[PDB]
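First up is the structure itself, then whatever we jot down about it.
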Amino acid sequence: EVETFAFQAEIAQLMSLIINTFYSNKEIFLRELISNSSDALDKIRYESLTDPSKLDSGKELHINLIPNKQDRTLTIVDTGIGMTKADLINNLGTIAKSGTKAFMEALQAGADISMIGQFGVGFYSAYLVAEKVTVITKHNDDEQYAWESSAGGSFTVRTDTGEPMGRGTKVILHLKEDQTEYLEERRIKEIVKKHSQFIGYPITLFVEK
Ligand SMILES: Oc1cc(O)cc(Oc2ccc(Cl)c(Cl)c2)c1
(Lines give C-alpha, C1' and ligand atoms only; values in the text may rest on other atoms or scores of the structure.)
Protein backbone atom coordinates (compact mmCIF):
# COMPACT_ATOMS: atom_id res chain seq x y z
CA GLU A 1 0.00 0.00 0.00
CA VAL A 2 1.03 3.55 -0.94
CA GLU A 3 1.90 6.14 1.74
CA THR A 4 1.55 9.84 0.80
CA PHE A 5 3.76 12.49 2.50
CA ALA A 6 4.04 16.31 2.36
CA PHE A 7 7.37 17.72 1.20
CA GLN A 8 8.99 20.07 3.69
CA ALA A 9 7.86 23.67 3.09
CA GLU A 10 11.18 24.84 1.60
CA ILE A 11 11.56 21.83 -0.72
CA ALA A 12 8.03 22.37 -2.08
CA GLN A 13 8.95 26.04 -2.59
CA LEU A 14 12.18 25.02 -4.40
CA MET A 15 10.30 22.58 -6.69
CA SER A 16 7.72 25.29 -7.66
CA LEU A 17 10.58 27.65 -8.50
CA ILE A 18 12.20 24.97 -10.66
CA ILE A 19 8.95 24.22 -12.50
CA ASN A 20 7.83 27.88 -12.82
CA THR A 21 10.99 29.94 -13.54
CA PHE A 22 11.71 30.72 -17.20
CA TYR A 23 15.15 29.08 -17.74
CA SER A 24 16.25 27.65 -21.09
CA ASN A 25 19.43 25.78 -19.98
CA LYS A 26 17.49 22.67 -18.89
CA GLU A 27 20.18 20.13 -19.94
CA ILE A 28 22.03 20.47 -16.63
CA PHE A 29 19.47 18.13 -15.02
CA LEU A 30 21.42 15.21 -16.48
CA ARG A 31 24.73 16.33 -14.99
CA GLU A 32 23.07 16.55 -11.56
CA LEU A 33 21.59 13.08 -11.71
CA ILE A 34 24.83 11.49 -13.00
CA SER A 35 26.72 13.32 -10.20
CA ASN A 36 24.23 11.91 -7.64
CA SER A 37 24.82 8.39 -9.06
CA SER A 38 28.60 8.80 -8.96
CA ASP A 39 28.39 9.93 -5.26
CA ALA A 40 26.22 6.86 -4.42
CA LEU A 41 28.76 4.65 -6.20
CA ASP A 42 31.63 6.26 -4.23
CA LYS A 43 29.70 5.48 -1.04
CA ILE A 44 29.27 1.76 -1.63
CA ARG A 45 32.85 1.49 -3.02
CA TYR A 46 34.24 2.99 0.22
CA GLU A 47 32.07 0.85 2.47
CA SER A 48 33.23 -2.27 0.56
CA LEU A 49 36.89 -1.55 1.40
CA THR A 50 36.27 -2.49 5.04
CA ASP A 51 33.51 -5.03 4.38
CA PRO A 52 33.84 -6.83 1.00
CA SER A 53 30.47 -8.60 1.58
CA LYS A 54 28.69 -5.27 0.99
CA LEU A 55 29.19 -6.13 -2.71
CA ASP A 56 27.42 -9.53 -2.47
CA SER A 57 24.37 -7.74 -3.89
CA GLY A 58 26.37 -6.92 -7.08
CA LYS A 59 30.06 -6.22 -7.77
CA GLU A 60 29.61 -4.03 -10.92
CA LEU A 61 29.76 -0.27 -10.24
CA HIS A 62 28.31 1.59 -13.22
CA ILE A 63 25.71 3.97 -14.60
CA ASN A 64 23.25 3.18 -17.47
CA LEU A 65 21.25 5.77 -19.42
CA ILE A 66 18.11 4.26 -20.99
CA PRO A 67 15.91 6.37 -23.22
CA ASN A 68 12.45 5.07 -24.18
CA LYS A 69 10.59 7.10 -26.86
CA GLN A 70 7.54 4.81 -26.66
CA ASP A 71 7.00 5.50 -22.92
CA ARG A 72 8.60 8.98 -23.15
CA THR A 73 10.96 8.14 -20.25
CA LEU A 74 14.65 8.58 -19.60
CA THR A 75 15.93 6.16 -16.98
CA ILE A 76 19.19 6.63 -15.11
CA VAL A 77 20.35 3.45 -13.34
CA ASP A 78 23.24 3.17 -10.91
CA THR A 79 24.51 0.29 -8.75
CA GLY A 80 25.47 2.63 -5.90
CA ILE A 81 24.68 2.39 -2.21
CA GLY A 82 20.87 2.80 -2.65
CA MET A 83 18.50 4.31 -0.09
CA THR A 84 16.51 3.00 2.87
CA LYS A 85 12.88 3.84 3.62
CA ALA A 86 14.09 6.29 6.28
CA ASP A 87 16.35 8.00 3.71
CA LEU A 88 13.37 8.39 1.31
CA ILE A 89 10.84 9.63 3.91
CA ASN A 90 13.02 11.62 6.37
CA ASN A 91 16.78 11.90 5.82
CA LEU A 92 17.13 13.11 2.22
CA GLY A 93 14.64 15.97 2.75
CA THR A 94 16.04 16.96 6.16
CA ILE A 95 19.64 17.06 4.83
CA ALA A 96 18.45 19.12 1.84
CA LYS A 97 16.64 21.82 3.90
CA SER A 98 19.67 24.08 4.61
CA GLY A 99 20.94 23.75 1.02
CA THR A 100 17.51 24.69 -0.35
CA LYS A 101 17.33 27.83 1.79
CA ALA A 102 20.90 28.80 0.78
CA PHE A 103 20.15 28.19 -2.92
CA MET A 104 16.93 30.25 -2.93
CA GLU A 105 18.84 33.09 -1.23
CA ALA A 106 21.60 32.87 -3.87
CA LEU A 107 19.03 33.02 -6.71
CA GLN A 108 17.69 36.31 -5.29
CA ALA A 109 21.29 37.64 -5.11
CA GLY A 110 22.02 36.83 -8.78
CA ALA A 111 22.84 33.10 -9.03
CA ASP A 112 21.20 30.99 -11.69
CA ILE A 113 19.45 27.58 -11.64
CA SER A 114 22.54 25.82 -13.14
CA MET A 115 24.38 26.43 -9.85
CA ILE A 116 21.98 24.12 -7.94
CA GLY A 117 24.68 21.41 -7.47
CA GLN A 118 26.83 23.77 -5.33
CA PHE A 119 24.06 23.66 -2.71
CA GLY A 120 23.79 19.87 -2.81
CA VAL A 121 20.13 19.78 -3.91
CA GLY A 122 20.61 18.94 -7.59
CA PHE A 123 18.09 16.05 -7.57
CA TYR A 124 15.21 18.51 -7.76
CA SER A 125 16.53 19.79 -11.12
CA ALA A 126 14.89 16.67 -12.57
CA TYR A 127 11.68 18.78 -12.59
CA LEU A 128 13.17 21.04 -15.29
CA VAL A 129 12.35 18.25 -17.76
CA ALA A 130 10.10 15.69 -16.02
CA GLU A 131 6.41 16.00 -15.11
CA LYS A 132 6.75 12.95 -12.82
CA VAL A 133 9.79 11.29 -11.29
CA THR A 134 9.83 7.72 -10.06
CA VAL A 135 12.81 6.46 -7.97
CA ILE A 136 13.23 2.72 -7.41
CA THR A 137 15.91 1.93 -4.86
CA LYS A 138 17.43 -0.94 -2.85
CA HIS A 139 19.93 -0.53 0.01
CA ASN A 140 21.73 -3.57 1.49
CA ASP A 141 19.97 -2.92 4.84
CA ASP A 142 16.38 -2.56 3.59
CA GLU A 143 13.78 -3.78 1.09
CA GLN A 144 13.25 -2.42 -2.40
CA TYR A 145 11.14 0.81 -2.43
CA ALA A 146 9.53 3.11 -4.97
CA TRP A 147 9.39 6.86 -4.30
CA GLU A 148 7.31 8.96 -6.68
CA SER A 149 6.28 12.58 -7.21
CA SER A 150 4.60 14.82 -9.69
CA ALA A 151 5.43 17.78 -7.47
CA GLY A 152 2.51 19.88 -6.19
CA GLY A 153 3.75 19.46 -2.64
CA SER A 154 3.54 15.69 -2.01
CA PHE A 155 5.34 12.45 -2.75
CA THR A 156 4.53 8.75 -2.26
CA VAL A 157 6.56 5.81 -0.98
CA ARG A 158 5.59 2.09 -1.32
CA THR A 159 7.44 -1.24 -1.26
CA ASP A 160 8.38 -2.30 -4.78
CA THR A 161 7.46 -5.86 -5.75
CA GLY A 162 8.65 -5.48 -9.41
CA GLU A 163 11.90 -6.96 -10.74
CA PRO A 164 14.53 -7.01 -7.91
CA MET A 165 17.51 -4.82 -8.72
CA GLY A 166 20.11 -6.21 -6.32
CA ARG A 167 21.39 -2.86 -5.03
CA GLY A 168 21.28 0.71 -6.30
CA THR A 169 18.90 3.31 -7.66
CA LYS A 170 16.86 3.77 -10.81
CA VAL A 171 15.51 7.26 -11.56
CA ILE A 172 12.69 7.25 -14.12
CA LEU A 173 12.05 10.65 -15.67
CA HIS A 174 8.56 10.90 -17.24
CA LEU A 175 9.40 13.71 -19.64
CA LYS A 176 7.32 16.79 -20.34
CA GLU A 177 5.83 16.80 -23.84
CA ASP A 178 8.17 19.49 -25.15
CA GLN A 179 11.34 17.93 -23.63
CA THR A 180 11.68 14.84 -25.90
CA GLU A 181 15.09 15.97 -27.15
CA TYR A 182 16.54 14.23 -24.08
CA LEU A 183 15.54 10.88 -25.61
CA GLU A 184 17.76 11.34 -28.67
CA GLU A 185 21.07 9.48 -28.71
CA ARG A 186 22.96 12.44 -30.26
CA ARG A 187 21.67 14.89 -27.69
CA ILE A 188 22.37 12.66 -24.66
CA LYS A 189 25.91 11.93 -25.94
CA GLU A 190 26.52 15.67 -26.39
CA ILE A 191 25.36 16.42 -22.82
CA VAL A 192 27.40 13.62 -21.19
CA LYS A 193 30.53 14.80 -23.07
CA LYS A 194 29.97 18.48 -22.07
CA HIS A 195 29.15 18.06 -18.34
CA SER A 196 30.03 14.55 -17.23
CA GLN A 197 33.31 13.94 -19.06
CA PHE A 198 35.34 12.87 -16.04
CA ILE A 199 32.90 10.74 -14.00
CA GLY A 200 34.93 7.78 -12.67
CA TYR A 201 32.49 4.94 -13.50
CA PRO A 202 31.41 3.58 -16.88
CA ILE A 203 28.38 5.39 -18.29
CA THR A 204 26.55 3.28 -20.90
CA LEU A 205 24.10 5.01 -23.17
CA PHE A 206 21.57 2.37 -24.37
CA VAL A 207 20.34 2.70 -27.96
CA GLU A 208 16.71 2.31 -28.92
CA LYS A 209 15.21 -0.53 -30.92
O1 LIG B 1 19.68 10.68 -8.99
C2 LIG B 1 19.97 10.04 -7.84
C3 LIG B 1 20.77 8.89 -7.85
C4 LIG B 1 21.05 8.23 -6.65
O5 LIG B 1 21.84 7.12 -6.60
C6 LIG B 1 20.56 8.76 -5.46
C7 LIG B 1 19.80 9.93 -5.47
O8 LIG B 1 19.38 10.44 -4.27
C9 LIG B 1 18.20 11.08 -4.03
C10 LIG B 1 18.26 12.38 -3.53
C11 LIG B 1 17.12 13.11 -3.23
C12 LIG B 1 15.91 12.47 -3.47
CL13 LIG B 1 14.36 13.28 -3.09
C14 LIG B 1 15.83 11.18 -3.96
CL15 LIG B 1 14.17 10.54 -4.16
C16 LIG B 1 16.97 10.45 -4.26
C17 LIG B 1 19.49 10.57 -6.67
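For this chain, numbers begin at 1 and follow the sequence in order.
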- Pairwise distance CE(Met104) to CD1(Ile116) - rounded to 0.5 angstrom: 10.5 Å

- Message: Any side-chain to backbone donor/acceptor pair from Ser38 onto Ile34? Under 3.5 Å, distance only.
- Response: no

- Query: Residues two or more places apart in sequence or in another chain: which of them pass salt bridge (charged side-chain N to carboxylate O under 4.0 Å, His left out) with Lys26?
  - Reply: none

- For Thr21 and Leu17, indicate whether the former's side chain and the latter's backbone hold a donor-acceptor pair under 3.5 Å. yes

- Minimum heavy-atom distance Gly82-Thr169, with the two atoms named: CA-OG1, 3.7 Å

- Message: Rounded to the nearest 0.5 Å, what separates atom CD in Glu208 from atom CD in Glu184?
- Response: 10.5 Å

- Note on the structure: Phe103 meets the ring pair (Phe, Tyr, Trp, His ring centres under 6.0 Å) criterion, sequence neighbours left out, with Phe119

- Could you pull out all residues at least two apart from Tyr124 that satisfy ring pair (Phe, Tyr, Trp, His ring centres under 6.0 Å)? none

- Excluding sequence neighbours, so at least two apart, what forms salt bridge (charged side-chain N to carboxylate O under 4.0 Å, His left out) with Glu47? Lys54

- Note on the structure: Closest non-hydrogen contact found for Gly153 with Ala12 is CA-CB, 4.4 Å

- Message: Does anything in residues 72-81 form a side chain to side chain donor-acceptor pair (under 3.5 Å)? List the pairs, not counting sequence neighbours.
- Response: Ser37-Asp78

- Query: For the hydrophobic clusters of this structure (ILVMFWY residues joined by side-chain heavy atoms under 4.5 Å, transitively), does one cluster hold both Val171 and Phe29?
  - Reply: yes

- Task: Taking the side chain as every heavy atom from C-beta outward, state whether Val129 and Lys176 have any atom pair closer than 4.5 Å.
- Result: no

- Item | Partners passing side-chain hydrogen bond (donor to acceptor under 3.5 Å, both in side chains) against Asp178 (at least two apart in sequence or in another chain) | none

- Task: Would you confirm whether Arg167, through its side chain, and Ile81, through its main-chain N or O, come within 3.5 Å as a donor-acceptor pair?
- Result: no

- Item | Donor-acceptor side-chain pairing of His174 and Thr134 below 3.5 angstrom | yes

- Query: Are any of the side-chain heavy atoms of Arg45 and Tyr201 separated by less than 4.5 Å?
  - Reply: yes

- Message: Determine whether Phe123 and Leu33 satisfy the following criterion, side-chain contact (heavy atoms from CB on, under 4.5 Å), listing intermediate values before the conclusion.
- Response: CA-CA 6 Å; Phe123 174 72; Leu33 301 179; 3.9 Å; yes

- Query: How long is the gap from OH on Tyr127 to CD1 on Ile19, to the nearest 0.5 Å?
  - Reply: 7.5 Å

- Item | Test salt bridge (charged side-chain N to carboxylate O under 4.0 Å, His left out) applied to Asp160 - qualifying residues, sequence neighbours left out | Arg158

- Message: Just so I know, are the side chains of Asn36 and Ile76 near enough to count as touching, which here means a heavy-atom distance under 4.5 Å?
- Response: no

- Item | Side-chain touch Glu131/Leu175, heavy atoms, less than 4.5 angstrom | no

- Task: Step by step, work out the side-chain contact (heavy atoms from CB on, under 4.5 Å) result for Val157 and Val2.
- Result: CA-CA 6 Å; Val157 178; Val2 174; over 6 Å; no

- Query: Any luck finding a side-chain donor-acceptor pair between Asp56 and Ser53 under 3.5 Å?
  - Reply: no

- Item | Steps toward side-chain contact (heavy atoms from CB on, under 4.5 Å) verdict (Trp147, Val133) | CA-CA 8 Å; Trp147 172 107; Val133 179; 4.2 Å; yes

- Please tell me if the side chains of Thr137 and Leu88 come closer than 4.5 Å, counting only heavy atoms from C-beta onward. yes

- Message: Measuring from atom CG of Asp42 to atom CG of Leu61, what distance do you get when rounded to the nearest 0.5 angstrom?
- Response: 9.5 Å

- Query: Considering residues at least two apart in sequence or located in another chain, which fulfil the salt bridge (charged side-chain N to carboxylate O under 4.0 Å, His left out) criterion with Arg187?
  - Reply: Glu27, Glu181, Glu190

- Joint hydrophobic cluster, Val192 plus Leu183, side-chain heavy atoms closer than 4.5 Å: yes

- Task: Kindly indicate whether the side chain of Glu185, heavy atoms from C-beta on, has any atom under 4.5 Å from the side chain of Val207.
- Result: yes

- Task: Go through the structure and list residues passing side-chain hydrogen bond (donor to acceptor under 3.5 Å, both in side chains) with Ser125, not counting sequence neighbours.
- Result: none

- Looking only at heavy atoms, which two atoms of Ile11 and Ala96 are closest? And how far apart? CD1-CB, 3.8 Å

- Task: Treating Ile, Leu, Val, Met, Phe, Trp and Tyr as nodes and any side-chain heavy-atom pair under 4.5 angstrom as an edge, say whether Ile18 and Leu74 lie in one connected cluster.
- Result: yes

- Task: Please name all residues satisfying side-chain hydrogen bond (donor to acceptor under 3.5 Å, both in side chains) with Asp39, sequence neighbours left out, ordered by chain then number.
- Result: none

- Once you round to the nearest 0.5 Å, how far does CG of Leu128 lie from CG of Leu173? 10.5 Å

- Task: Consider only side-chain heavy atoms of I, L, V, M, F, W and Y, link residues closer than 4.5 Å, and tell whether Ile203 and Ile191 are in one cluster.
- Result: yes

Check residues 105-113 and write down every donor-acceptor pair under 3.5 Å in which the side-chain atom is one partner and the other belongs to a residue at least two apart or another chain.
residue, atom, partner, partner atom, Å
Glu105, OE2, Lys101, NZ, 3.0
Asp112, OD2, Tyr23, OH, 2.9
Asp112, OD2, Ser114, N, 3.2
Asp112, OD2, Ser114, OG, 2.8

- Message: Is the shortest side-chain heavy-atom distance between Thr204 and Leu65 below 4.5 Å?
- Response: no

- Message: Is it the case that over 12 heavy atoms from other parts of the model lie below 6.0 angstrom from the CG atom of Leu205?
- Response: yes

- Item | Pair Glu10 + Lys97, salt bridge at N-O below 4.0 Å | yes

- Query: Quick one: CG on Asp142 to CG on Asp87, what's the gap to the nearest 0.5 Å?
  - Reply: 8.5 Å

- Got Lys138 and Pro164 here, is their nearest side-chain heavy-atom distance under 4.5 Å? no

- Query: Can you name the closest pair of heavy atoms from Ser48 and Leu55 and give their distance?
  - Reply: CB-CG, 3.6 Å

- Task: Dump the intermediate steps for side-chain contact (heavy atoms from CB on, under 4.5 Å) on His195 and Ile28, then the final yes or no.
- Result: CA-CA 8 Å; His195 298 286; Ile28 61 84; 4.3 Å; yes

- Message: Minimum heavy-atom separation for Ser149 and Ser154, please, with both atom names.
- Response: OG-O, 2.8 Å

- Task: Would you please name every residue forming a ring pair (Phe, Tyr, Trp, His ring centres under 6.0 Å) with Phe5, sequence neighbours left out?
- Result: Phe155

- Message: Is there a continuous path of hydrophobic side-chain contacts, each under 4.5 Å between heavy atoms, that joins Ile44 to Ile63?
- Response: yes

- Message: Closer than 3.5 angstrom, by distance alone: can the side chain of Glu148 be matched with the main-chain N or O of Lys132 as a donor-acceptor pair?
- Response: no

- Message: Looking at every heavy atom in both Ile188 and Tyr182, which two are closest together, and how far apart are they?
- Response: CD1-O, 3.2 Å

